[PDB]
Amino acid sequence: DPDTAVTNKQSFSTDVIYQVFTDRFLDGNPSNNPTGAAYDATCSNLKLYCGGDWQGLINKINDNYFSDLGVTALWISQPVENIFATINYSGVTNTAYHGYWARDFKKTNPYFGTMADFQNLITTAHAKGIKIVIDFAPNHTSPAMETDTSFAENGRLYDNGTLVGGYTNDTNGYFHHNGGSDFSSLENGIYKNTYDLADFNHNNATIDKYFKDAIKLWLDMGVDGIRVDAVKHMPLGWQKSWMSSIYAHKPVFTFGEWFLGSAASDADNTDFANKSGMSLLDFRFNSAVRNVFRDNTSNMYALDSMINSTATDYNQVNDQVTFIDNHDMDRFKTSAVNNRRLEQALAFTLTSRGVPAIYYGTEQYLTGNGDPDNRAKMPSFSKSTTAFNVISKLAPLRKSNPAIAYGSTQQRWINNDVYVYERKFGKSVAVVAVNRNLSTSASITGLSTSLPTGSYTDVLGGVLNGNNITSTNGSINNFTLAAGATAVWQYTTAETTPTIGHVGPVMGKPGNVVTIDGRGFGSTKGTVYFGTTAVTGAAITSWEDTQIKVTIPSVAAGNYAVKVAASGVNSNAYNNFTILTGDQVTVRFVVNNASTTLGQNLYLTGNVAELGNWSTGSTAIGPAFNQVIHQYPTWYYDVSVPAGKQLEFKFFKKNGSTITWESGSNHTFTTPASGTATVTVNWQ
Ligand SMILES: C[C@H]1O[C@H](O[C@H]2[C@H](O)[C@@H](O)[C@@H](O)O[C@@H]2CO)[C@H](O)[C@@H](O)[C@@H]1N[C@@H]1[C@H](O)[C@@H](O)[C@H](O[C@H]2O[C@H](CO)[C@@H](O[C@H]3O[C@H](C)[C@@H](N[C@@H]4[C@H](O)[C@@H](O)[C@H](O)[C@]5(CO)O[C@H]45)[C@H](O)[C@H]3O)[C@H](O)[C@H]2O)[C@]2(CO)O[C@H]12
Ligand SMILES: [Ca+2]
Ligand SMILES: [Ca+2]
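For the sequence shown, position 315 (counting from the first letter as 1) is numbered 315 according to mature numbering (1 follows the signal peptide of the UniProt record, and there is no 0), and the numbering increases by one without interruption.
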């Protein structure tokens, strides 16, 4: 199967996501709508249910709405059964229409459909060539008041019906009872509740087990991806472990939400994208795009910085999910914001690097500021807007031109209002030109590109005042970029020499299968290389010009580059491939009376790659935590370690450039065969 087929659940660079709020989209079956109290046919009051079910989506896939639009994967609301309670916050009734108030992750939401309607969604969606990504929020259940079982459902969790436990009288400790998080530090936010939400304690083997089993269920149904909610509030140590159990079963493209406010680099968010085993939702990109196009609080140089910076901070910038707006922010379209600016932010987004995502109704210039006005009902299904055109003309390019899916980025011309970037992959090229100034045109002169000699037509057909150009060895003739224009020029040619574009997942135990998508491979099963180690024959399950499928060799856990050899020809390397020692389990390391000075931080390292291999660098584990679960001088950290394995390790303080190890002999610990465990030691 081609890299671009609908069966490629490990890569989305060729796709375009359509994030839909199931409820707010289309009531396709009124028999499932709730009774009275928490239902609104007029869908006037936005906090209550409105209808929108899975059938409506099926109705819309079938009647070709998404096909003429060009989106190739829909990202729906958390499918699990939510709480039926009606919560009343300061006078106003609130319901679980958003899907985030999980109750029992093992069943379907009756208001959205049944297991059978759910299969239908898959089968139908896959038939029309559309992947299904689903939201999943394992950080919590639902709102709950510790001292009041009457308040909502008291975060009660069920296992396919059987009541596991509530928030009050939570003896087994399936949740944290450390009060409300005030978001002052990263750890304050992982171990304390987020809003009034019952926070799960993933160090409880029962919970750890529950979730690994729950997600299995949804994967076995055929979902093509997962959008993990609030990844910023769960331990990376546990999520990594969770993530490897997923990649060991049925690997799908997983990306999580690490909510950021600005476009600036962020240490933690970057360690997460690189070390977790998943990619994030690109909030830095969203700020840039919004500042330049919507808000007008920055210029084009801010875009170029964000492009250059994010490529440097993320091991795979291509796995980040971009978007101009979403359900947790003001809708891009507003009274001041001109229709053309939205159309440009859309063009820019669709042609930029990473997996693009489009919040529903953007193609209809839908507005609404704040939650819940941003989550209004789909006002119409007209396939007539200009925005609809832009999406339907550019979106297919991800599937046709590899420079748009896999390509690198590079500025070719710029000033405060105009940006001209090139996207290239091997011989395939894509130039994009944008003039956000809506009143003054621009005289672009002296512009190089990698478009071979020829005459180029604006792929957009000029819907956005774009023009056609002429190359003479990349040298582009002088031309006037129209006011508010944006044009796209391209060139594409069947690649002959091998070249990798994307690998996924990019983590896993030897024995798993990873997908090496690319071009110019060949029809004859050649040789995959994890660094210096060769792979051939049976180990390679599939081999085509566009996509190889290989079995991770059984070699020393660690970072590795990935090369492919097409008949004596070595390709470019895909760096940062993490190979795990094998099945993972989360483990909480605790250390007593580890006094430290001002600015001095604790870290952890051991005798396996998962711990860094006696490293004190970035492969090390830390800094540790010393506030919520355990208090300073006692530190602690949740880490993903190999299962059933004798381990050695020491802690060390790293204030400035200097290191100081705990003395004596290494601490030892043999990990469980599955689950989680807490290990405590004293600072030697
Ligand atoms: C929403 C977002 O918040 C955090 O993001 C912040 C960044 O961390 C921080 O650096 C800075 O930039 O601010 C950011 C934005 O606030 C988290 O980091 C994100 O993970 C989180 N987003 C996730 C999902 O995208 C989000 O859709 C989802 O939200 C669902 O649940 C919430 C909570 O129930 C719903 O919120 C609305 O309704 C609730 C009931 C309202 N809260 C009540 C009250 O108004 C509030 O002020 C109080 O704190 C109380 C107790 O008195 O909780 C009440 C809230 O004001 C409404 O917005 C939301 O509609 C629903 O979709 C999740 C969980 O699924 O949060 C993630
Ligand atoms: Ca309905
Ligand atoms: Ca948490």
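We treat Cβ as the ideally placed atom computed from N, Cα and C, and that holds for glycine.
Cβ-Cβ distance between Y491 and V418 below 7 Å: Their beta carbons are not under 7 Å apart, which means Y491 does not touch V418 by this criterion.
Taking 6 Å as the line, does the beta carbon of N32 fall inside it for any heavy atom of ligand 2? Taking 6 Å as the cut-off, one finds at least one heavy atom of ligand 2 near enough to the beta carbon of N32.
Hey, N601 and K654 are a contact pair by Cβ (cut 8 Å); roughly how many whole angstroms apart? Going by Cβ atoms, the distance from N601 to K654 rounds to 6 Å, so yes, they are a contact pair.
Whole angstroms is fine: what's the gap from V591's alpha carbon to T634's? When rounded, the distance between both Cα atoms is 5 Å.
Report the start-end ranges of each beta strand (DSSP E) in the segment 158 to 228 that is 3 residues or longer and not cut off at the edges. Here the runs fully enclosed are 162 to 165, 197 to 199 and 225 to 228.
If I measure Cβ to Cβ from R24 and keep anything under 7 Å in the same chain, skipping five residues before and after, which residues do I get? Answer for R24: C50, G52, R375, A376, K377 and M378, listed in chain order.
How close, in whole Å, do the beta carbons of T322 and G354 come, if the pair is a contact with beta carbons under 8 Å? That pair is a contact at about 5 Å.
Helix, strand or coil, according to DSSP, for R423 in the structure here? In the structure shown, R423 adopts extended strand secondary structure according to DSSP, grouped into three states.
Mind checking whether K333 and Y360 have CB atoms under 7 Å apart? Between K333 and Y360, the CB-CB gap reaches or exceeds 7 Å.
DSSP three-state label for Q10, please. If DSSP states are grouped into helix, strand and coil, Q10 belongs with coil.
Enumerate in chain order the residues of its own chain whose CB-to-CB distance from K216 is below 7 Å, with the five nearest sequence positions on each side excluded. Correct list, in chain order: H249.
Compute the minimum distance between the beta carbon of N139 and the heavy atoms of ligand 3, and state whether it is under 6 Å. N139 Cβ: within cutoff of ligand 3.
Sort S309, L303 and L394 by Cα distance to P356 and report the nearest one. Closest option to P356, Cα to Cα, is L394.
Alpha carbon to alpha carbon, how far is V639 from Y406? Give it in angstroms, no decimals. Taking the straight line from one Cα to the other gives about 32 Å.
Hey, is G526 close to ligand 2, as in C-beta under 6 Å from one of its heavy atoms? Checking every heavy atom of ligand 2 against the Cβ of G526, none is found closer than 6 Å.
In the DSSP assignment, find the alpha helix (DSSP H) that holds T351 and state where it starts and stops. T351 -> alpha helix (DSSP H) spans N339 to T351.
Can you tell me the Cβ-Cβ gap for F577 and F530, rounded? I've got them flagged as a contact below 8 Å. So it is a contact: roughly 7 Å between Cβ atoms.
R375 by DSSP, collapsed to three states: which one? In the displayed model, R375 falls within a helix according to three-state DSSP.
Work out the CA separation of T206 and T670 for me, nearest whole Å. When rounded, the distance between both Cα atoms is 20 Å.
Measuring only the C-alpha atoms, how far is residue 690 from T362? The first residue shown for the chain is 1 and the last is 684, placing residue 690 beyond what the model contains.
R284 - containing alpha helix (DSSP H), residue span: Per DSSP, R284 belongs to the alpha helix (DSSP H) from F283 to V289.
Label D208 either buried or exposed according to how many other C-beta atoms from any shown protein chain fall within 10 Å of its C-beta, with 16 as the threshold for buried. Result: buried.
Measuring alpha carbon to alpha carbon, tell me which of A264, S455, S384 and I414 ends up nearest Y65. Of the candidates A264, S455, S384 and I414, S384 places its Cα closest to the Cα of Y65.
Any heavy atom of ligand 1 within a distance shorter than 6 Å of the CB on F272? False, no ligand heavy atom lies under 6 Å from that Cβ.
Extent of the continuous beta strand (DSSP E) run through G454: From DSSP, the beta strand (DSSP E) with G454 extends over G454 to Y456.
Given 6 Å as the limit, tell me if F259 has its C-beta closer than that to any heavy atom belonging to ligand 1. The answer is yes for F259.
Please state whether the Cβ-Cβ distance between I76 and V20 is less than 7 Å. Against a cut-off of 7 Å, the Cβ pair of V20 and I76 comes out as a contact.
Quick check on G461: buried or exposed, where buried means 16 or more other Cβ atoms within 10 Å of its Cβ? That one is exposed.
If contact is defined by three or more beta carbon pairs under 8 Å, each pair taking one atom from either stretch, is the segment 292 to 307 in contact with the segment 239 to 259? Touching, no, given that fewer than three Cβ pairs across the two stretches are closer than 8 Å.
Are the beta-carbon atoms of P505 and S554 separated by less than 7 Å? Not a contact, by the Cβ cut-off of 7 Å.
Which residues does DSSP pair with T254 in a beta bridge? DSSP, once it has assigned bridges, lists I226 as partnering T254.
Label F381 either buried or exposed according to how many other C-beta atoms from any shown protein chain fall within 10 Å of its C-beta, with 16 as the threshold for buried. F381 should be labelled exposed.
Measure the CB-CB distance between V528 and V550 and report whether it falls below 7 Å. With respect to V550, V528 sits close: the two C-beta atoms are nearer than 7 Å.
In DSSP terms, what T680 is bridged to: According to DSSP, which records beta bridges pairwise, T680 is partnered with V590.
Are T581 and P642 closer than 7 Å when you measure CB to CB? Taking 7 Å as the Cβ cut-off, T581 and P642 qualify as a contacting pair.
Simplified DSSP state of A620, which is helix, strand or coil: In the structure shown, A620 sits in coil (DSSP, three-state: anything other than H, G, I, E or B).
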